[PDB]
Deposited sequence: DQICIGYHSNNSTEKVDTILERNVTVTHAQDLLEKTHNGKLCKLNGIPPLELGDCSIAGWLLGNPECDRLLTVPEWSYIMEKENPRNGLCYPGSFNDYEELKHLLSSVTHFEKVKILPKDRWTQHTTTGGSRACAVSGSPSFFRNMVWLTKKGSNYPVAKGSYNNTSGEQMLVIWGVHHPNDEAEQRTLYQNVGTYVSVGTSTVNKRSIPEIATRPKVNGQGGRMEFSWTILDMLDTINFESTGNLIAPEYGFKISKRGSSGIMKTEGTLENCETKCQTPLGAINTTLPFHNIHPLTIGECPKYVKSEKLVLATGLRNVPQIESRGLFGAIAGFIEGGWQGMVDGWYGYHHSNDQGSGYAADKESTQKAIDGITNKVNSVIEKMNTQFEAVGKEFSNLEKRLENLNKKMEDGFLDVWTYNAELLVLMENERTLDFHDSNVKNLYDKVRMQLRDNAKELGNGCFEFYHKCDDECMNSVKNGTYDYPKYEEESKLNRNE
């Protein structure tokens, strides 16, 4: 007649980390970090992205002749753009407030091209101008969405054009101004000097003056074109007026759908998937609450931590018995619960595992795991932004902010996991010791402690007796006289 106290063990091999010990082998572990991706760019919830290819955003919106497959684009989930696109402004120039326009586009889904100023309304000027920088099949051409107004004969009459926005949504309009490289070019193209371009809306007032300068040749020309933009409100009017150097719009872009999107800098192409979220290096298909692939993601998928390992120990330490109690190790034969309650009566033995402590431990560990997951859902999420050449201070500020927040949250996650692992292992050891202490307490003094975490009963009992002791109903006054009689021997 003998019972003992122990704990479950098995043959697993996962390793966990703790604030004191390094690489401790445990029984069960839960993984929280995803470190794999399929390395493909592909669809988001069924809507394919917008593949610019070798074109830039400016070349798309202006109608570069090489970007002729984007003249009508369906709805998109995100925009794919290269780091150094080859096809942008075919005719050299600038694009004022380019990055603000990109920030606006980062949350704009489907466009809709509306002809606001048809090319045939300019009956007092010339509209067939073109440059060899934007050339198709050897002949000169121009942007497909803009009109280059030149003189007709020897006159450049005052050009006027107005549009009232009755489309039903906000409209994006882009105009431009030409800067020649001498006075002869100006007189050859517009037959006027001291010309101007004036644009006016309810919140816009501009009067540009051409700036003639001598410059090197970019794409073969010494002239430059400056492009500006505005967002026209519903039922608002826009007016154009110029005595020269006007690159007038023909189309206007109507914001149609709106939503959450972004601009991804990648060098890959489009394949066939259906993913939930996408990173510049690939697509993620996981249920784990963390990943470490790339800080910038689009869609619905987990948080980013700059760590190589995050494992939560949800079990016991793996120390077996080399070659019968908790002071040596765990038993392989326990396949019922965690905390061992090995018993051995006269007729036989058994390996019944306690349930009152097992369920309490399970509830505790599940609450701990859920809490660890839940306190980290208010993380910092990075949002992409573009900056110009004369905005290095602001770009450094943004980079430092994002990096600092990522570092803080990585530190938080790692430390929380380490401390929770320590507390879990200590808690399990304490639970084994507490069950042993409860057994010894209810036993009183009617058993000789063998020193291996259990005691041979000084009261000779039966299956009912040991079962009741397991239930916690060992009545000392019922079995004190006979036990004392045996102890007197």
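Asks: Where are the gaps relative to the deposited sequence?
Replies: Missing C-alpha atoms (numbering from 1) occur across the range 324-331 alone.
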